[PDB]
Amino acid sequence: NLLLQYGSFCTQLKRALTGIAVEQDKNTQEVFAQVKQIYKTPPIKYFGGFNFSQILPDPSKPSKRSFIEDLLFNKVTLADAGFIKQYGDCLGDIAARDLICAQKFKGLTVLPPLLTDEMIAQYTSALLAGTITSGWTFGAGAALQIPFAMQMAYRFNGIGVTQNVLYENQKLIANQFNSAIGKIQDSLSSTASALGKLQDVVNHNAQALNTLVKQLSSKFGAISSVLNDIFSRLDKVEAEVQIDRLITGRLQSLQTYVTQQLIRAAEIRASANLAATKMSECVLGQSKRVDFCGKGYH
Amino acid sequence: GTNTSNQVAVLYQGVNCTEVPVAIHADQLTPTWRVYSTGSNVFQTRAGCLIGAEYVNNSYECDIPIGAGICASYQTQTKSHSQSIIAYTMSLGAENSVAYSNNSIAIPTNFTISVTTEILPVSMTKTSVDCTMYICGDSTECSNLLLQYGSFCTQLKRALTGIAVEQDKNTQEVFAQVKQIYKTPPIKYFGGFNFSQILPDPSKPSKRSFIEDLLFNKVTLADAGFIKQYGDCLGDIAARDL
Amino acid sequence: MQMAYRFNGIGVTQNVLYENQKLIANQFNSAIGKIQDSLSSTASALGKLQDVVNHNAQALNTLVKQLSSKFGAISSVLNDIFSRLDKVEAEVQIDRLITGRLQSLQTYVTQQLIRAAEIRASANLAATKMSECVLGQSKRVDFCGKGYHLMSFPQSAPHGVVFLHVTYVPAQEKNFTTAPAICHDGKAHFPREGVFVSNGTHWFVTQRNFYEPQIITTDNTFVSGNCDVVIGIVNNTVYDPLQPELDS
Amino acid sequence: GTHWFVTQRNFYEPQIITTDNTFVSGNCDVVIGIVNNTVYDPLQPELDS
Ligand SMILES: *[C@@H]1O[C@H](CO)[C@@H](O[C@@H]2O[C@H](CO)[C@@H](O[C@@H]3O[C@H](CO[C@H]4O[C@H](CO)[C@@H](O)[C@H](O)[C@@H]4O)[C@@H](O)[C@H](O[C@H]4O[C@H](CO)[C@@H](O)[C@H](O)[C@@H]4O)[C@@H]3O)[C@H](O)[C@H]2NC(C)=O)[C@H](O)[C@H]1NC(C)=O
Ligand SMILES: *[C@@H]1O[C@H](CO)[C@@H](O[C@@H]2O[C@H](CO)[C@@H](O[C@@H]3O[C@H](CO)[C@@H](O)[C@H](O[C@H]4O[C@H](CO)[C@@H](O)[C@H](O)[C@@H]4O)[C@@H]3O)[C@H](O)[C@H]2NC(C)=O)[C@H](O)[C@H]1NC(C)=O
Ligand SMILES: *[C@@H]1O[C@H](CO)[C@@H](O[C@@H]2O[C@H](CO)[C@@H](O[C@@H]3O[C@H](CO)[C@@H](O)[C@H](O)[C@@H]3O)[C@H](O)[C@H]2NC(C)=O)[C@H](O)[C@H]1NC(C)=O
Ligand SMILES: *[C@@H]1O[C@H](CO)[C@@H](O[C@@H]2O[C@H](CO)[C@@H](O)[C@H](O)[C@H]2NC(C)=O)[C@H](O)[C@H]1NC(C)=O
Ligand SMILES: *[C@@H]1O[C@H](CO)[C@@H](O)[C@H](O)[C@H]1NC(C)=O
Ligand SMILES: *[C@@H]1O[C@H](CO)[C@@H](O)[C@H](O)[C@H]1NC(C)=O
Ligand SMILES: *[C@@H]1O[C@H](CO)[C@@H](O)[C@H](O)[C@H]1NC(C)=O
Ligand SMILES: *[C@@H]1O[C@H](CO)[C@@H](O)[C@H](O)[C@H]1NC(C)=O
Ligand SMILES: *[C@@H]1O[C@H](CO)[C@@H](O)[C@H](O)[C@H]1NC(C)=O
Ligand SMILES: *[C@@H]1O[C@H](CO)[C@@H](O)[C@H](O)[C@H]1NC(C)=O
Ligand SMILES: *[C@@H]1O[C@H](CO)[C@@H](O)[C@H](O)[C@H]1NC(C)=O
Ligand SMILES: *[C@@H]1O[C@H](CO)[C@@H](O)[C@H](O)[C@H]1NC(C)=O
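If you're matching them up, the sequences are chains A, B, C and D in order. If you want the entry's author numbering, it's the 1-based position in the first sequence plus 750. Under the entry's author numbering, the residues of the second sequence are numbered 601 to 681, 689 to 849, in order. If you want the entry's author numbering, it's the 1-based position in the third sequence plus 899. If you want the entry's author numbering, it's the 1-based position in the fourth sequence plus 1098.
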């Protein structure tokens, strides 16, 4: 009843966070959902001597992710952070704080994403199958099948090297590609700090919520941070002026959290637009821009 | 939409569907609330319990995004006729398989010309705030107290002025890329191509094209009162404009 | 001639335009008519600009409603605090109102700054699309429409710009048997600006984006050595155009 | 150091300098740093056969 005198602050904070939550799904739809049809790889995996077994999906896993995608998911130590269940377990006999149930008890929930990781893996599988079996032709319209050796001849003719270099050195190029994929596997199985960019995205969103939870113990100049103690120990003449400080401080902390989330959402949206550009121009085609996709001639 | 129907599904986030009448204290609630926890048409999504939507094994495009791959839609042809809210797992797209072979290629024998539309915002509305009139509103003692609070109003007006200059800079950067105003020859024949729908029309008072007229009619831009509004605001009218 | 240049930009020979000019003009006019029908029938496609209106009308209305809040004071009407209370108590009650209204106005300014940054990013993208696709022909994939880009036309719009991207999309596919090279007289022959294709028995060389079969000669093929190194090489005859001149 | 060839830029592959891979533009006076070498003609021994 005291909070109703303030009014439309809570509604616009809810609208801002709802806009951010819709924008995350929009970013994930923009980056991955670029292909119209879910292509699948042929059952025979002889692509001109090139070995794609470590990036193509693995049917042995329950979730159809590749080997390198499994390493990438294992290196990021993402916590629970909601996204599944997280109620009833808090009512259950864990008998611990758990750092997530306290936010759920305090009105701070975490919504799950619209696209699950199986569906993102199916998008990446479709993009990989289209790139392998059709080159850039599936980005401009219907997919046109082409052998991978002549696709590599197209890729060499793009960068200014005649295609006779490829057909005289095809086995050596295939061996170098397989060695580079093996070096990627050796790089991802030892250094867990390579994926620090995504770990910062996890850590900032955990840390801001922990700060917002821990800010409720502050008094903001009042006699107590406990809400019921001011009501019980004082009458209505000065309890309202003591709890107005608490309401002002908590509302200002909520506004600070929403402002920082808006700035971080703008930064994440810029990075997602860059990722969508790199998917459109380098996966679905060949890029002539210098240092846009890897050092050297792309 | 309430223009269509009043039927509503309810999502309890994170809650087990058996714990739904425990999570909300539905004994104390009205019987109109009790039909949205009764156990009749209840599904458990990864986000929690969804009550009032019928799960369908088909897959469609996402109409109303619930979450975790689950979407919902108001379907007309559900059951015998009986329009109702259905829930499903959203469909990624049509399934395809490229016929790869080591000596087979596919070459097009024809083409088509596609003209598509891309829409981009450029500038927004330039606003200005009188801080003394907003805070006090014709109160002299309030202004005398507000003078003690420092230079907040000056930096707020500075920020709004910077935004208002930036909008004009955005419009100048986007549209004024050419130094000379070229015009077409009076004979509008270009290789058999037709540009009569994008070239300017001198019949209109504002020399815009047909498609530009459609784009200006489609967006319901408010007049925003930057053209001589106060003569209207003086006159007492029954419909107070915003 | 301009559209022939735009076809040579995307890797199609220019005569493909000159033998099919009327069909391309008819397809362009039909697509322009379909754009007019799509804009006259559906209004939600302009929604990206409509929110630009709405966010500048929803916020200000919100800024009106914050004058109804008391912020812990006895009244939201400012003159009643002066006319009902003594001066010290009036200043105590009006400090809360001044602080609350100042905080609400600062919140509005911060939201306007963030929205202005987003609009500036969109305007920079629109200026890039005006520079690269209207004033030239872009080779970037999916930057200006799906397919191989030919032209773009700008149109103004309320608080924004609308690009009509004219692009080329291949339509009617056909299977062919192919080979990387043809080893004739012990010499491997590679195509210059085409691919080797076959229809059962005869081998031709085509451009990649359009089916135009041609007789494989020495003008459109080059020799890089013996056929042992190449994998998938086949045997055929490469015609010499200078050979009938050797008979005379 | 002995003979002159023409290659592609991004990979070493020497070829005999003929009229098929070179083009003619003007005289020898204006270009700075020009050298002397014999440009082979393939059609001349074929016509004399
Ligand atoms: C590459 O692709 C382009 C387009 O993608 C093709 O160009 C079209 O080709 C078709 C068929 O060759 C043409 O269609 C023909 O159009 C004639 C005139 O159509 C006008 O008039 C009729 C009424 O009479 C209208 O309904 C119509 O909308 C047009 O306004 C028709 O008279 C033809 O009909 C005859 O054939 C059909 C079967 O196709 C029979 O059913 C009929 O009874 C009749 O005998 C026919 O429909 C079309 O005009 C071409 N242009 C365009 C812009 O679409 C290229 O042919 C293609 N190239 C290759 C090599 O495949
Ligand atoms: C390039 O495209 C333009 C636009 O399609 C085309 O110009 C002509 O545009 C007008 C409208 O801008 C089209 O409409 C007709 O205009 C004539 C003018 O004499 C009228 O007589 C027509 O009226 C008939 O149809 C009405 C439909 O409601 C009836 O109510 C009426 O009684 C008449 O029956 C009609 O309004 C006109 O069709 C086009 N012209 C053509 C040939 O399509 C221009 O010609 C195109 N240029 C090229 C090179 O393709
Ligand atoms: C070019 O050649 C390829 C391979 O020869 C053709 O692809 C194959 O086309 C056939 C006939 O359409 C497909 O068979 C059908 O498949 C569908 C979907 O599974 C099935 O429902 C039908 O009952 C029928 O069996 C076949 O799947 C397809 N792919 C393969 C790998 O064989 C292609 O159509 C040819 N294209 C042209 C333009 O000639
Ligand atoms: C492609 O690479 C994978 C490994 O990246 C190869 O799989 C290995 O095959 C050897 C065969 O002697 C086994 O000993 C390994 O245990 C396999 N490793 C894994 C991870 O499965 C595969 O053989 C390669 N394919 C080709 C065609 O060379
Ligand atoms: C609650 O839901 C989870 C799935 O989200 C399920 O694993 C669990 O068994 C459910 N608990 C009960 C008591 O039904
Ligand atoms: C969907 O499929 C499952 C398993 O086949 C079945 O139990 C369920 O009744 C089906 N639901 C509908 C609406 O068909
Ligand atoms: C090409 O594919 C066919 C079909 O599987 C196979 O028999 C043949 O051995 C392949 N060619 C090479 C060089 O592997
Ligand atoms: C070009 O030729 C067409 C007829 O082919 C004629 O109508 C037109 O007036 C000529 N001039 C121009 C500038 O289009
Ligand atoms: C302001 O005065 C000008 C001068 O005649 C007039 O044209 C205009 O309509 C007036 N505006 C209003 C709102 O009365
Ligand atoms: C292949 O196409 C050429 C070009 O017209 C034709 O002369 C030849 O007969 C065709 N071969 C077969 C087997 O159809
Ligand atoms: C092509 O000709 C050579 C030389 O006669 C022969 O050795 C070879 O088997 C032939 N066939 C091929 C390369 O398919
Ligand atoms: C090339 O030959 C001409 C004519 O014999 C001579 O004048 C010139 O000096 C020569 N240049 C070089 C670099 O040998």
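Note that CB positions come from ideal geometry on N, CA and C, so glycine has one too.
Delimiting residues of the beta strand (DSSP E) encompassing residue i
i	result
residue 1121/C	1120-1124
residue 672/B	670-675
residue 632/B	Per DSSP, residue 632/B belongs to no beta strand (DSSP E); it is in the alpha helix (DSSP H), 631-634.
residue 1054/C	1047-1056
Closest Cα partner of residue i within the set the options
i	options	result
residue 964/A	761/A, 841/A, 944/A, 1004/A	1004/A
residue 867/A	998/A, 901/A, 816/A	816/A
residue 775/A	631/B, 615/B, 690/B, 669/B	669/B
residue 1081/C	1123/C, 927/C, 1026/C, 1047/C	1123/C
residue 1020/A	846/A, 773/A, 876/A	773/A
residue 875/A	1018/A, 813/A, 910/A	813/A
residue 1077/C	710/B, 836/B, 767/B	710/B
residue 939/C	834/B, 841/B, 822/B, 832/B	822/B
residue 912/A	1104/D, 1117/D, 1103/D, 1108/D	1108/D
residue 780/B	1136/C, 1027/C, 1133/C	1027/C
residue 885/A	719/B, 712/B, 631/B, 793/B	712/B
residue 613/B	716/B, 640/B, 666/B	666/B
residue 830/B	842/B, 844/B, 848/B	848/B
residue 769/B	825/B, 734/B, 726/B	734/B
residue 701/B	922/A, 873/A, 820/A, 969/A	873/A
residue 986/C	619/B, 602/B, 748/B, 737/B	748/B
Enclosing alpha helix (DSSP H) for residue i [first to last residue]
i	result
residue 771/B	759-782
residue 749/B	747-753
residue 902/C	901-908
residue 875/A	867-884
residue 996/A	986-1028
residue 1059/C	Per DSSP, residue 1059/C belongs to no alpha helix (DSSP H); it is in the beta strand (DSSP E), 1059-1069.
residue 931/A	920-938
residue 851/A	851-855
Distance cut-off 7 angstroms: residue i Cβ against heavy atoms of ligand 4
i	result
residue 937/A	no
Interface flag, residue i vs chain A, CB-CB below 8 angstroms
i	result
residue 1106/D	yes
residue 1103/D	no
residue 1109/D	yes
residue 615/B	yes
residue 965/C	yes
Contact test: residue i Cβ vs ligand 7 heavy atom, cutoff 7 angstroms
i	result
residue 670/B	no
residue 711/B	no
Residue-level contact to chain C via CB, residue i, 8 angstroms cutoff
i	result
residue 878/A	no
Integer Cβ distance of residue i from residue j, believed to fall under 8 angstroms
i	j	result
residue 1051/C	residue 1065/C	7 angstroms
residue 895/A	residue 706/B	6 angstroms
residue 1029/C	residue 784/B	6 angstroms
residue 678/B	residue 654/B	7 angstroms
residue 909/C	residue 1110/C	That pair is no contact at about 16 angstroms.
residue 715/B	residue 1070/C	6 angstroms
Contact test: residue i Cβ vs ligand 1 heavy atom, cutoff 7 angstroms
i	result
residue 717/B	yes
Short CB-CB distance (under 8 angstroms) between residue i and chain B
i	result
residue 838/A	yes
Residue i beta carbon near ligand 2 (any heavy atom closer than 7 angstroms)
i	result
residue 928/C	yes
heavy atom of ligand 10 below 7 angstroms from residue i C-beta
i	result
residue 1093/C	no
heavy atom of ligand 6 below 7 angstroms from residue i C-beta
i	result
residue 657/B	yes
Ligand 9 heavy atom lying under 7 angstroms from the CB of residue i
i	result
residue 838/B	yes
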